Amino acid sequence: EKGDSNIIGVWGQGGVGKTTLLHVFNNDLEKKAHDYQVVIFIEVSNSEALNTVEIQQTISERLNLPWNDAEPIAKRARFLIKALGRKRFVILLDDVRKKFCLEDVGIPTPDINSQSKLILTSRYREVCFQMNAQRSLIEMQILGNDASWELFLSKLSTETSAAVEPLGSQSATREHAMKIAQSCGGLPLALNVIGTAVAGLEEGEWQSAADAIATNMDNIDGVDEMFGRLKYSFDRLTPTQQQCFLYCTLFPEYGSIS
Amino acid sequence: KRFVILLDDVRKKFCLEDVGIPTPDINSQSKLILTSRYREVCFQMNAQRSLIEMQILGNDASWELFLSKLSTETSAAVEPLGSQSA
Amino acid sequence: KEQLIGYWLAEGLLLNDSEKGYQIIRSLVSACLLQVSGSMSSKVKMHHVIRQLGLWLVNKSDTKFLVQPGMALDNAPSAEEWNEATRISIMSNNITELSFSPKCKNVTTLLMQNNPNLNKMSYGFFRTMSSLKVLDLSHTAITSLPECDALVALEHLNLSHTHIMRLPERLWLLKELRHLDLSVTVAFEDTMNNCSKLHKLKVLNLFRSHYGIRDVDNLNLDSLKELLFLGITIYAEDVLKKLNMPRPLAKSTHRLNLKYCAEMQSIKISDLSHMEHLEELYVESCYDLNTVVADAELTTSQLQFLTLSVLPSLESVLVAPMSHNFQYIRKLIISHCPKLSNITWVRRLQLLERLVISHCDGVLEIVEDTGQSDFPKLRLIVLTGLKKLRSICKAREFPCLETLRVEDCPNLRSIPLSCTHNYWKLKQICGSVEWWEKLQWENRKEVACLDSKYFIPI
Ligand SMILES: Nc1ncnc2c1ncn2[C@@H]1O[C@H](COP(=O)(O)OP(=O)(O)OP(=O)(O)O)[C@@H](O)[C@H]1O
């Protein structure tokens, strides 16, 4: 509402909630009153190769434009630059993984003289700096202590939640469930996956699962595809950076190193 | 529309919005009923708070199911009561 | 679940992780391949069609199994069928003689549990069992066991409830052994001093065994450097005060049996506070035992299952009113105690789940003289042989109970169960009609209601 720069960048680790933030922000615009005319949501996460074609398809479909399939990409980009310049637009870019030129995809870069805005989310602060969003960066932080717990509770079945929800009656199962929740580090993706994995835990099994979750996470359901999802930030690295990152994993947990 | 969608034997977690089905919420009257052999799939698809287990058939209902599967003359040997036979 | 996970650990399917076995069991029960069933979820079972599917898949596989359990077999199967099989199971059969020496080169598992009459196993039976990893002879009648120097790779050996008296010396040369169980071995009397050569062992169990560490001379278990969990029978106060110091041999015990206890007329949980892993206590034939102290001083150890059996002089146990070490109790078994006359403390047991009261005519009532019931988490009640019991307890709400069973109780006047409760968890009730005649009722409709709803005659 108030920021001077018209390009806004949101950055955070994988699974912190950037895409969900964009969803809840786009859905929130239809509730309030605003001067903007189109709110376009674009998924650049499809690839790092920048598939121009379906991004232009989304922009044209969102602008009530006819899809001239045989038109060259550059001509369509110029046409979209002309078209988007006539409207006060908001474009929400999702998980942009490389620097890409907006004018080659059809999006005009918003400037001070224009009311249009452009919000992009990415795991890398370097990308948000490359896309001229340095003066309006936001860090997407992990969830709080209580919000993470009440997210974990909603992920459990009714009978299972009936064991860890109640207070007044005191038992160690609440402590074990809280230990499992804290093992997720407040990462919403972690809360979802871990709560789904242990959504049907019986009363007597919480102890062993909580004890094992503190040391390893290979035997728990659904975490393999989690690490596959989060692994791209590691695969992007050069081999020296990969070795330097793995070298840091052998330091003690919960311990800051110099 | 207030829809009811009945999914049969879903074997992996899949995104409803990718197939076109909007996930129903409290604000909407729409319902979505899915059946699967695995409780893990039903938990992955956000059905944890409304799960039902399909239990096996009862002692008598299974027997009368078995009777209807036999031929007429064969059933005539195991149907009758009063007369006792092995 | 625990027994199956033990085998999954010995077989090498689990990389020394029990939680991995629990995860596998849960994955199977979530795919409907196994069913959790019983008075407690600790037991799993297979549906009949699913078991037939498993057998069909085994037959379709290239690794043969020899599977004949529960078949009421009167004689052992032909030794020629044992050639190519890898898993052998002779559970719950009536096998009486095992004389042949099989050719089981590829076998990695032998099960003979619940063979009540198998007592003559031919010497040299294990000659070809070099790769045998799991060997179970539980609940069999063997008194001697064939030499086993050929068992190079054995890691699990169970002999619970068997009549083995002396244990052959070849076991101390089994370098790969990891778990050895001889619990409830009535006839076992062989010294374990050679267990020091069994360095690799991780678990050793002698719970309720008639023989154990009768004197400090056999307290050399500090040589068991790899040990994690142990259960043994302690016989004297001086042994306890030799073990009442913080060290692994004292804290590694998860359960104790107390039999022929000398000079232990009284015992306090504070004395057991150094046993940080202890969870179950068994007291049998402690002639001079008089009182027990259930202190308010809490312990990291969580007492879960207790069994008081054949105690001719125990009188009372002092339990604190506000906080106590018993609040983590799950199972209570009270048996054969004629002079015990104080069990009022049970009403403070809010996590209690199982009740077993038998042959204790000294107990007048289970509970004699917060808006909460005294048994909020109770599941099972078992009553047997009480010739002088009056009633269980005062009128309280029992909605979470699952099953009630009363047998041979011609003196029981009434039960706290009533139609005032809401019931969905009460699965069944089993008992005698004479007890129903002698039963007092809160309402005269309960004569027919509690009969037509849950009562199952014996
Ligand atoms: N505030 C929140 N409450 C509940 N769940 C949340 C919240 N924020 C995020 N999530 C969950 O996080 C999961 C991970 O997807 P999400 O859209 O959050 O990823 P992201 O932050 O965009 O990361 P990346 O795109 O790098 O994978 C989603 O399935 C969503 O349910």
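Numbers given to residues start from 1 along each chain, in the order its sequence is written, and need not follow the entry; residues that have no coordinates are not shown. The lettering of chains begins at A and the numbering of ligands begins at 1, in the order of writing. Taken from a larger assembly, the chains shown here are the sole basis for all values reported. Calculated side-chain values reflect all of the structure's heavy atoms, with hydrogen atoms and water omitted.

Within the PDB entry, the label attached to chain C reads NB-ARC domain-containing protein, and the organism entered is Triticum aestivum.

Where the PDB entry is consulted, chain B appears under the name NB-ARC domain-containing protein, with the organism given as Triticum aestivum.

Attention shifts here to the interface of chain C and chain B. Contact residues are listed per partner, giving 5 residues for chain C and 5 residues for chain B. Within 3.5 Å is the distance limit for a polar contact, defined as a pair of N or O atoms, with the added protein rule that one can donate a hydrogen and the other accept it, and that residues adjacent in sequence qualify only through two side-chain atoms. Taken together, the links from chain C to chain B amount to 1 residue pair in polar contact. Three residue categories are used. Nonpolar comprises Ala, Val, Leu, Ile, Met, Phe, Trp, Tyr, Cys and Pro, charged comprises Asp, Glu, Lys and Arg, and polar comprises the others, including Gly. By residue class, the composition of the side of chain C that touches chain B is 3 nonpolar, 2 polar and no charged. Here, two residues are considered to be in contact whenever any of their heavy atoms come within 4.5 Å of each other.

Before going further, it helps to examine the packing of helix α5 (residues 145-154) of chain A against helix α7 (residues 172-182) of chain A. Residue and element names in this part refer to chain A. Lines fitted to C-alpha atoms define the axes, with helix axes restricted to the stretch in contact, and inter-axis angles between N-to-C directions lie between 0 and 180 degrees. Comment: elements are numbered from the N terminus, with helices defined as DSSP H or I runs of at least four residues and strands as E runs of at least two. The interhelical angle for the contact between α5 and α7, taken along N-to-C directions, is 110 degrees, at an axis separation of 10 Å. With respect to each other, α5 and α7 are oriented roughly perpendicular. By crossing handedness, the relation of α5 to α7 is classed as right-handed. Residues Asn145, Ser148, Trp149 and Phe152 of α5 form the contact with α7, whose participating residues are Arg174, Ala177, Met178, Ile180, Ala181 and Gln182. Taken together, the residues of the contact of α5 with α7 break down into 6 nonpolar, 3 polar and 1 charged. Angle categories: roughly parallel below 35 degrees, roughly antiparallel above 145, roughly perpendicular from 65 to 115, and oblique for all the rest. In a left-handed crossing the near helix is turned counterclockwise from the far helix by less than a right angle, and in a right-handed crossing that turn is clockwise.

With that out of the way, let us pick up the environment of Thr140(C). Residues and elements named next belong to chain C. Of note, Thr140 is situated in the loop between β8 (134-136) and β9 (156-158). For the pair formed by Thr140 and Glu297, sequence separation is 157 residues and the distance between their alpha carbons is 43 Å. For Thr140, the contacting residues outside a window of four places in its chain are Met112, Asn115, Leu118, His161, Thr162 and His163.

Looking now at the interface of chain A and chain B. Counting residues at the interface gives 12 residues for chain A and 8 residues for chain B. Accessible-area loss on putting two parts together, using a 1.4 Å probe and summing over both, is the definition of buried area adopted here. Around 760 Å² of area is buried between chain A and chain B when both sides are counted, 40% of it from carbon and sulfur atoms. The largest per-residue losses of area from chain A upon contact with chain B belong to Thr158(A), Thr196(A) and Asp221(A), which jointly make up 39% of the total buried on that side. We count a salt bridge whenever a side-chain nitrogen from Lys or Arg sits within 4 Å of a carboxyl oxygen from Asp or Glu. Joining chain A to chain B, the criterion identifies 1 salt bridge. Residue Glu225(A) is joined to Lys13(B) by a salt bridge in which the shortest nitrogen-to-oxygen separation is 3.8 Å. On inspection of chain A and its partner chain B, the count reaches 4 residue pairs in polar contact. Elements with a contribution of two residues or more to the side of chain A that touches chain B: α5 and α6 (158-164) of chain A.

Below, the discussion takes up the site of the ligand. Residues and elements named next belong to chain A. Working definition: residue near molecule or strand if any one of its non-hydrogen atoms lies within 4 Å of it. Around the ligand, the surrounding shell holds 13 residues, and the nearest of these are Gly17, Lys18, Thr19, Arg123 and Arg229. One nitrogen or oxygen atom from the main chain of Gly15 is found 3.0 Å from an oxygen atom belonging to the ligand. In this structure, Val16 approaches the ligand through a main-chain N or O atom, which is 3.3 Å from an oxygen atom. Per-residue and other accessible areas follow the Shrake-Rupley method at a 1.4 Å probe size, with only the shown protein chains counted as cover for residues. Here the ligand has 620 Å² of accessible area as a free molecule, and 72% of this is covered by the chains. Only α1 (18-29) and α8 (188-197) provide two or more residues apiece to the shell around the ligand. When grouped by side-chain class, the residues that make up the shell around the ligand number 4 nonpolar, 6 polar and 3 charged.

Residue and element names in this part refer to chain A. Accessibility here uses a 1.4 Å probe with only protein chains present; expressed as a share of the type maximum, an area under 20% marks a residue as buried, one over 50% as exposed, and anything in between as partly exposed. Residues of α7 that are buried: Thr173, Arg174, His176, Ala177, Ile180 and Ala181. Within α7, the buried residues cover an arc of 165 degrees as seen down the axis, which keeps them to one side. Looking at the buried side of α7, the elements it contacts are α5, α6, α8 and α9 (206-213). By construction, the arc corresponds to the directions joining the helix axis to the C-beta atoms.

A word on the sheet that holds strand β14 (residues 266-268) of chain C. Residue and element names in this part refer to chain C. Strand pairing is assigned whenever DSSP identifies at least 2 bridges connecting the two strands. Ordered by their spatial adjacency, 3 strands build an open sheet running β14-β16-β18, and the pairing between neighbours is parallel. Bordering the open sheet on either side are β14 and β18 (316-319), each of which pairs with just one other strand. Along the sheet, successive strands turn relative to each other by an average axial angle of 10 degrees, direction set aside. With 3 bridges joining them, β14 and strand β16 (residues 291-294) adopt parallel strand pairing. Its bridge partner lying in β16, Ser266 is registered against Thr291.

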